[PDB]
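Trainee: One file: final_17.pdb (PDB, N, CA and C atoms).
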```pdb
MODEL        1
ATOM      1  N   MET A   1      -0.559 -28.357  17.673  1.00  0.00           N
ATOM      2  CA  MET A   1      -1.010 -28.667  16.298  1.00  0.00           C
ATOM      3  C   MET A   1      -0.391 -27.698  15.297  1.00  0.00           C
ATOM      4  N   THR A   2      -0.613 -26.408  15.516  1.00  0.00           N
ATOM      5  CA  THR A   2      -0.162 -25.387  14.588  1.00  0.00           C
ATOM      6  C   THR A   2       1.313 -25.046  14.791  1.00  0.00           C
ATOM      7  N   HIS A   3       2.178 -25.910  14.286  1.00  0.00           N
ATOM      8  CA  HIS A   3       3.602 -25.635  14.260  1.00  0.00           C
ATOM      9  C   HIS A   3       4.112 -25.764  12.842  1.00  0.00           C
ATOM     10  N   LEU A   4       5.038 -24.910  12.498  1.00  0.00           N
ATOM     11  CA  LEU A   4       5.607 -24.892  11.163  1.00  0.00           C
ATOM     12  C   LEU A   4       7.114 -24.985  11.257  1.00  0.00           C
ATOM     13  N   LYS A   5       7.728 -25.574  10.256  1.00  0.00           N
ATOM     14  CA  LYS A   5       9.171 -25.757  10.257  1.00  0.00           C
ATOM     15  C   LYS A   5       9.829 -24.884   9.198  1.00  0.00           C
ATOM     16  N   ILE A   6      10.918 -24.237   9.575  1.00  0.00           N
ATOM     17  CA  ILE A   6      11.634 -23.356   8.669  1.00  0.00           C
ATOM     18  C   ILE A   6      12.727 -24.134   7.940  1.00  0.00           C
ATOM     19  N   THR A   7      12.782 -23.968   6.624  1.00  0.00           N
ATOM     20  CA  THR A   7      13.773 -24.637   5.804  1.00  0.00           C
ATOM     21  C   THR A   7      14.248 -23.707   4.691  1.00  0.00           C
ATOM     22  N   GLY A   8      15.360 -24.051   4.060  1.00  0.00           N
ATOM     23  CA  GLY A   8      15.892 -23.228   2.991  1.00  0.00           C
ATOM     24  C   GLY A   8      16.716 -22.070   3.520  1.00  0.00           C
ATOM     25  N   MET A   9      16.154 -21.350   4.480  1.00  0.00           N
ATOM     26  CA  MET A   9      16.828 -20.217   5.101  1.00  0.00           C
ATOM     27  C   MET A   9      17.724 -20.681   6.241  1.00  0.00           C
ATOM     28  N   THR A  10      18.140 -19.743   7.072  1.00  0.00           N
ATOM     29  CA  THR A  10      18.909 -20.074   8.255  1.00  0.00           C
ATOM     30  C   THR A  10      18.089 -19.823   9.516  1.00  0.00           C
ATOM     31  N   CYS A  11      17.895 -18.550   9.861  1.00  0.00           N
ATOM     32  CA  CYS A  11      17.135 -18.182  11.047  1.00  0.00           C
ATOM     33  C   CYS A  11      17.058 -16.665  11.210  1.00  0.00           C
ATOM     34  N   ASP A  12      16.473 -16.239  12.329  1.00  0.00           N
ATOM     35  CA  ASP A  12      16.416 -14.829  12.735  1.00  0.00           C
ATOM     36  C   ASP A  12      15.817 -13.919  11.670  1.00  0.00           C
ATOM     37  N   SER A  13      16.663 -13.270  10.879  1.00  0.00           N
ATOM     38  CA  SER A  13      16.192 -12.360   9.844  1.00  0.00           C
ATOM     39  C   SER A  13      15.335 -13.113   8.833  1.00  0.00           C
ATOM     40  N   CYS A  14      15.631 -14.395   8.672  1.00  0.00           N
ATOM     41  CA  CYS A  14      14.824 -15.259   7.831  1.00  0.00           C
ATOM     42  C   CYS A  14      13.457 -15.476   8.463  1.00  0.00           C
ATOM     43  N   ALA A  15      13.448 -15.669   9.775  1.00  0.00           N
ATOM     44  CA  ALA A  15      12.209 -15.909  10.501  1.00  0.00           C
ATOM     45  C   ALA A  15      11.358 -14.642  10.561  1.00  0.00           C
ATOM     46  N   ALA A  16      12.011 -13.493  10.429  1.00  0.00           N
ATOM     47  CA  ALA A  16      11.331 -12.208  10.493  1.00  0.00           C
ATOM     48  C   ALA A  16      10.355 -12.047   9.332  1.00  0.00           C
ATOM     49  N   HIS A  17      10.804 -12.391   8.131  1.00  0.00           N
ATOM     50  CA  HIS A  17       9.956 -12.287   6.952  1.00  0.00           C
ATOM     51  C   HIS A  17       8.887 -13.361   6.979  1.00  0.00           C
ATOM     52  N   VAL A  18       9.233 -14.512   7.535  1.00  0.00           N
ATOM     53  CA  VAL A  18       8.269 -15.589   7.716  1.00  0.00           C
ATOM     54  C   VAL A  18       7.134 -15.122   8.623  1.00  0.00           C
ATOM     55  N   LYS A  19       7.498 -14.525   9.752  1.00  0.00           N
ATOM     56  CA  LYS A  19       6.516 -13.990  10.688  1.00  0.00           C
ATOM     57  C   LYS A  19       5.719 -12.862  10.039  1.00  0.00           C
ATOM     58  N   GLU A  20       6.401 -12.045   9.248  1.00  0.00           N
ATOM     59  CA  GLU A  20       5.759 -10.939   8.549  1.00  0.00           C
ATOM     60  C   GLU A  20       4.753 -11.450   7.525  1.00  0.00           C
ATOM     61  N   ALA A  21       5.145 -12.481   6.788  1.00  0.00           N
ATOM     62  CA  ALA A  21       4.278 -13.078   5.782  1.00  0.00           C
ATOM     63  C   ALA A  21       3.079 -13.735   6.448  1.00  0.00           C
ATOM     64  N   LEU A  22       3.311 -14.273   7.637  1.00  0.00           N
ATOM     65  CA  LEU A  22       2.251 -14.880   8.426  1.00  0.00           C
ATOM     66  C   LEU A  22       1.254 -13.819   8.869  1.00  0.00           C
ATOM     67  N   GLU A  23       1.779 -12.696   9.350  1.00  0.00           N
ATOM     68  CA  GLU A  23       0.945 -11.598   9.818  1.00  0.00           C
ATOM     69  C   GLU A  23       0.346 -10.823   8.650  1.00  0.00           C
ATOM     70  N   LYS A  24       0.866 -11.067   7.453  1.00  0.00           N
ATOM     71  CA  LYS A  24       0.286 -10.504   6.244  1.00  0.00           C
ATOM     72  C   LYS A  24      -0.998 -11.254   5.915  1.00  0.00           C
ATOM     73  N   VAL A  25      -1.099 -12.463   6.445  1.00  0.00           N
ATOM     74  CA  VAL A  25      -2.298 -13.267   6.321  1.00  0.00           C
ATOM     75  C   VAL A  25      -3.276 -12.908   7.440  1.00  0.00           C
ATOM     76  N   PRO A  26      -4.485 -12.447   7.085  1.00  0.00           N
ATOM     77  CA  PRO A  26      -5.489 -11.989   8.062  1.00  0.00           C
ATOM     78  C   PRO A  26      -6.095 -13.130   8.886  1.00  0.00           C
ATOM     79  N   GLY A  27      -5.570 -14.332   8.712  1.00  0.00           N
ATOM     80  CA  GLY A  27      -6.044 -15.467   9.474  1.00  0.00           C
ATOM     81  C   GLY A  27      -5.178 -15.731  10.688  1.00  0.00           C
ATOM     82  N   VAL A  28      -4.082 -14.995  10.797  1.00  0.00           N
ATOM     83  CA  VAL A  28      -3.152 -15.164  11.903  1.00  0.00           C
ATOM     84  C   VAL A  28      -3.678 -14.492  13.168  1.00  0.00           C
ATOM     85  N   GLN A  29      -3.401 -15.109  14.301  1.00  0.00           N
ATOM     86  CA  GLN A  29      -3.762 -14.550  15.592  1.00  0.00           C
ATOM     87  C   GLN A  29      -2.504 -14.131  16.336  1.00  0.00           C
ATOM     88  N   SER A  30      -1.555 -15.052  16.408  1.00  0.00           N
ATOM     89  CA  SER A  30      -0.315 -14.827  17.136  1.00  0.00           C
ATOM     90  C   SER A  30       0.796 -15.703  16.570  1.00  0.00           C
ATOM     91  N   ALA A  31       1.624 -15.121  15.719  1.00  0.00           N
ATOM     92  CA  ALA A  31       2.713 -15.852  15.098  1.00  0.00           C
ATOM     93  C   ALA A  31       4.026 -15.592  15.823  1.00  0.00           C
ATOM     94  N   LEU A  32       4.486 -16.572  16.587  1.00  0.00           N
ATOM     95  CA  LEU A  32       5.767 -16.459  17.261  1.00  0.00           C
ATOM     96  C   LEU A  32       6.723 -17.520  16.734  1.00  0.00           C
ATOM     97  N   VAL A  33       7.724 -17.077  15.998  1.00  0.00           N
ATOM     98  CA  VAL A  33       8.683 -17.987  15.397  1.00  0.00           C
ATOM     99  C   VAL A  33       9.898 -18.146  16.300  1.00  0.00           C
ATOM    100  N   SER A  34      10.334 -19.380  16.482  1.00  0.00           N
ATOM    101  CA  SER A  34      11.505 -19.668  17.281  1.00  0.00           C
ATOM    102  C   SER A  34      12.717 -19.874  16.378  1.00  0.00           C
ATOM    103  N   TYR A  35      13.486 -18.808  16.197  1.00  0.00           N
ATOM    104  CA  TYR A  35      14.665 -18.827  15.349  1.00  0.00           C
ATOM    105  C   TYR A  35      15.711 -19.860  15.818  1.00  0.00           C
ATOM    106  N   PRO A  36      16.015 -19.980  17.137  1.00  0.00           N
ATOM    107  CA  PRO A  36      17.016 -20.943  17.621  1.00  0.00           C
ATOM    108  C   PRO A  36      16.517 -22.386  17.540  1.00  0.00           C
ATOM    109  N   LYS A  37      15.244 -22.537  17.205  1.00  0.00           N
ATOM    110  CA  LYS A  37      14.623 -23.842  17.088  1.00  0.00           C
ATOM    111  C   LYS A  37      14.475 -24.237  15.623  1.00  0.00           C
ATOM    112  N   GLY A  38      14.265 -23.240  14.774  1.00  0.00           N
ATOM    113  CA  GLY A  38      14.005 -23.495  13.372  1.00  0.00           C
ATOM    114  C   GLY A  38      12.551 -23.836  13.142  1.00  0.00           C
ATOM    115  N   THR A  39      11.717 -23.450  14.095  1.00  0.00           N
ATOM    116  CA  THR A  39      10.303 -23.767  14.047  1.00  0.00           C
ATOM    117  C   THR A  39       9.473 -22.524  14.338  1.00  0.00           C
ATOM    118  N   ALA A  40       8.216 -22.550  13.937  1.00  0.00           N
ATOM    119  CA  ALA A  40       7.313 -21.439  14.180  1.00  0.00           C
ATOM    120  C   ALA A  40       6.089 -21.907  14.947  1.00  0.00           C
ATOM    121  N   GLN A  41       5.722 -21.157  15.976  1.00  0.00           N
ATOM    122  CA  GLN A  41       4.523 -21.446  16.741  1.00  0.00           C
ATOM    123  C   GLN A  41       3.467 -20.399  16.429  1.00  0.00           C
ATOM    124  N   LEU A  42       2.841 -20.545  15.282  1.00  0.00           N
ATOM    125  CA  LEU A  42       1.877 -19.570  14.823  1.00  0.00           C
ATOM    126  C   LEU A  42       0.452 -20.008  15.145  1.00  0.00           C
ATOM    127  N   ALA A  43      -0.252 -19.162  15.877  1.00  0.00           N
ATOM    128  CA  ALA A  43      -1.655 -19.385  16.170  1.00  0.00           C
ATOM    129  C   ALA A  43      -2.506 -18.691  15.124  1.00  0.00           C
ATOM    130  N   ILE A  44      -3.491 -19.398  14.599  1.00  0.00           N
ATOM    131  CA  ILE A  44      -4.334 -18.852  13.549  1.00  0.00           C
ATOM    132  C   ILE A  44      -5.804 -19.087  13.852  1.00  0.00           C
ATOM    133  N   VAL A  45      -6.652 -18.331  13.178  1.00  0.00           N
ATOM    134  CA  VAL A  45      -8.089 -18.477  13.305  1.00  0.00           C
ATOM    135  C   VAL A  45      -8.541 -19.744  12.568  1.00  0.00           C
ATOM    136  N   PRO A  46      -9.627 -20.393  13.032  1.00  0.00           N
ATOM    137  CA  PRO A  46     -10.187 -21.586  12.376  1.00  0.00           C
ATOM    138  C   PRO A  46     -10.787 -21.272  11.006  1.00  0.00           C
ATOM    139  N   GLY A  47      -9.939 -20.825  10.101  1.00  0.00           N
ATOM    140  CA  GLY A  47     -10.354 -20.507   8.754  1.00  0.00           C
ATOM    141  C   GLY A  47      -9.199 -20.632   7.791  1.00  0.00           C
ATOM    142  N   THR A  48      -8.014 -20.289   8.276  1.00  0.00           N
ATOM    143  CA  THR A  48      -6.785 -20.467   7.525  1.00  0.00           C
ATOM    144  C   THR A  48      -6.380 -21.928   7.498  1.00  0.00           C
ATOM    145  N   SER A  49      -5.366 -22.237   6.714  1.00  0.00           N
ATOM    146  CA  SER A  49      -4.884 -23.587   6.624  1.00  0.00           C
ATOM    147  C   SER A  49      -3.365 -23.607   6.739  1.00  0.00           C
ATOM    148  N   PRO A  50      -2.814 -24.525   7.543  1.00  0.00           N
ATOM    149  CA  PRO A  50      -1.372 -24.598   7.774  1.00  0.00           C
ATOM    150  C   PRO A  50      -0.598 -24.993   6.531  1.00  0.00           C
ATOM    151  N   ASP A  51      -1.243 -25.736   5.650  1.00  0.00           N
ATOM    152  CA  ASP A  51      -0.634 -26.129   4.407  1.00  0.00           C
ATOM    153  C   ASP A  51      -0.567 -24.927   3.487  1.00  0.00           C
ATOM    154  N   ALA A  52      -1.436 -23.964   3.751  1.00  0.00           N
ATOM    155  CA  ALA A  52      -1.501 -22.764   2.939  1.00  0.00           C
ATOM    156  C   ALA A  52      -0.365 -21.833   3.308  1.00  0.00           C
ATOM    157  N   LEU A  53      -0.059 -21.797   4.595  1.00  0.00           N
ATOM    158  CA  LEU A  53       1.040 -20.993   5.099  1.00  0.00           C
ATOM    159  C   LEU A  53       2.364 -21.628   4.702  1.00  0.00           C
ATOM    160  N   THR A  54       2.421 -22.950   4.804  1.00  0.00           N
ATOM    161  CA  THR A  54       3.582 -23.701   4.356  1.00  0.00           C
ATOM    162  C   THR A  54       3.852 -23.436   2.875  1.00  0.00           C
ATOM    163  N   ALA A  55       2.804 -23.534   2.061  1.00  0.00           N
ATOM    164  CA  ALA A  55       2.922 -23.263   0.636  1.00  0.00           C
ATOM    165  C   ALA A  55       3.251 -21.800   0.391  1.00  0.00           C
ATOM    166  N   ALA A  56       2.715 -20.926   1.232  1.00  0.00           N
ATOM    167  CA  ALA A  56       3.002 -19.496   1.132  1.00  0.00           C
ATOM    168  C   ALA A  56       4.489 -19.224   1.328  1.00  0.00           C
ATOM    169  N   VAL A  57       5.067 -19.810   2.371  1.00  0.00           N
ATOM    170  CA  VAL A  57       6.489 -19.639   2.647  1.00  0.00           C
ATOM    171  C   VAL A  57       7.333 -20.319   1.572  1.00  0.00           C
ATOM    172  N   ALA A  58       6.920 -21.517   1.165  1.00  0.00           N
ATOM    173  CA  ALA A  58       7.621 -22.252   0.120  1.00  0.00           C
ATOM    174  C   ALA A  58       7.540 -21.523  -1.219  1.00  0.00           C
ATOM    175  N   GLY A  59       6.449 -20.807  -1.423  1.00  0.00           N
ATOM    176  CA  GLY A  59       6.260 -20.063  -2.652  1.00  0.00           C
ATOM    177  C   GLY A  59       6.810 -18.656  -2.557  1.00  0.00           C
ATOM    178  N   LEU A  60       7.496 -18.366  -1.461  1.00  0.00           N
ATOM    179  CA  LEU A  60       8.114 -17.063  -1.271  1.00  0.00           C
ATOM    180  C   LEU A  60       9.608 -17.131  -1.548  1.00  0.00           C
ATOM    181  N   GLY A  61      10.033 -18.250  -2.106  1.00  0.00           N
ATOM    182  CA  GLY A  61      11.438 -18.449  -2.403  1.00  0.00           C
ATOM    183  C   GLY A  61      12.143 -19.213  -1.305  1.00  0.00           C
ATOM    184  N   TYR A  62      11.431 -19.448  -0.215  1.00  0.00           N
ATOM    185  CA  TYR A  62      11.969 -20.195   0.904  1.00  0.00           C
ATOM    186  C   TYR A  62      11.369 -21.593   0.922  1.00  0.00           C
ATOM    187  N   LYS A  63      11.528 -22.297   2.030  1.00  0.00           N
ATOM    188  CA  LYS A  63      10.913 -23.598   2.187  1.00  0.00           C
ATOM    189  C   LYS A  63      10.291 -23.708   3.565  1.00  0.00           C
ATOM    190  N   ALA A  64       9.060 -24.168   3.612  1.00  0.00           N
ATOM    191  CA  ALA A  64       8.411 -24.412   4.880  1.00  0.00           C
ATOM    192  C   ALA A  64       8.023 -25.872   5.002  1.00  0.00           C
ATOM    193  N   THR A  65       7.938 -26.341   6.228  1.00  0.00           N
ATOM    194  CA  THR A  65       7.412 -27.659   6.517  1.00  0.00           C
ATOM    195  C   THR A  65       6.467 -27.549   7.704  1.00  0.00           C
ATOM    196  N   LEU A  66       6.092 -28.666   8.297  1.00  0.00           N
ATOM    197  CA  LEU A  66       5.180 -28.634   9.422  1.00  0.00           C
ATOM    198  C   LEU A  66       5.424 -29.829  10.328  1.00  0.00           C
ATOM    199  N   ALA A  67       5.679 -29.525  11.589  1.00  0.00           N
ATOM    200  CA  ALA A  67       5.929 -30.529  12.609  1.00  0.00           C
ATOM    201  C   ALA A  67       5.698 -29.910  13.974  1.00  0.00           C
ATOM    202  N   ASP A  68       4.767 -30.468  14.730  1.00  0.00           N
ATOM    203  CA  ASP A  68       4.368 -29.881  15.993  1.00  0.00           C
ATOM    204  C   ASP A  68       5.358 -30.194  17.107  1.00  0.00           C
ATOM    205  N   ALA A  69       6.328 -29.315  17.281  1.00  0.00           N
ATOM    206  CA  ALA A  69       7.264 -29.411  18.384  1.00  0.00           C
ATOM    207  C   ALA A  69       7.398 -28.052  19.056  1.00  0.00           C
TER
ENDMDL
END
```
Give the structure from the file, written as structure tokens.
Mentor:
Amino acid sequence: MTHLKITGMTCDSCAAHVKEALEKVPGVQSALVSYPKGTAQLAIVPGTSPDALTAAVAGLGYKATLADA
């Protein structure tokens, strides 16, 4: 369910700030981003919202999406 898609950026160092921004959110449990996939497998507490993280990344100058793969 909780999968996010990376857009706008490329990968790796881009995914690092994404993961950092995710962990900056106190609702995160375990954010593991797959740079070679272009997707993020972030586990969060039942209080945060995936659209909020997507908007967070999109509002960080990057682009996020969401697709469970």
Trainee: Which parts of chain A does DSSP call strand (DSSP E) when run on the backbone here, written out as a list in words?
Mentor: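 Strand (DSSP E) members of chain A, listed: residues 4, 5, 6, 7, 28, 29, 30, 31, 32, 33, 34, 39, 40, 41, 42, 43, 44, 63, 64 and 65 of chain A.
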Trainee: Around (8.0, -19.9, 3.2) in the file's frame, which residues reach within 10 Å when counting only C-alpha atoms? Return as a VMD selection string?
Mentor: chain A and resid 4 to 9 14 to 15 17 to 19 21 to 22 52 to 65
Trainee: For atom C of residue 13 (chain A) and CA of residue 47 (chain A), quote the distance in Å rounded to one decimal.
Mentor: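 Separating atom C of residue 13 (chain A) from CA of residue 47 (chain A) is a distance of 26.7 Å.
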Trainee: Find the distance between atom C of residue 68 (chain A) and atom N of residue 2 (chain A) and write it in Å to one decimal.
Mentor: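 Calculated distance between atom C of residue 68 (chain A) and atom N of residue 2 (chain A) is 7.2 Å.
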Trainee: Name all residues at most 7 Å from residue 44 (chain A) (count only N, CA and C atoms; drop same-chain ones fewer than 4 positions away) and give them as a PyMOL selection string.
Mentor: chain A and resi 2+27-31+48
Trainee: Between A:25, A:16, A:45, A:40, which has the minimum distance to residue 3 (chain A) (counting only C-alpha atoms)?
Mentor: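 Closest to residue 3 (chain A) of all the choices is A:40.
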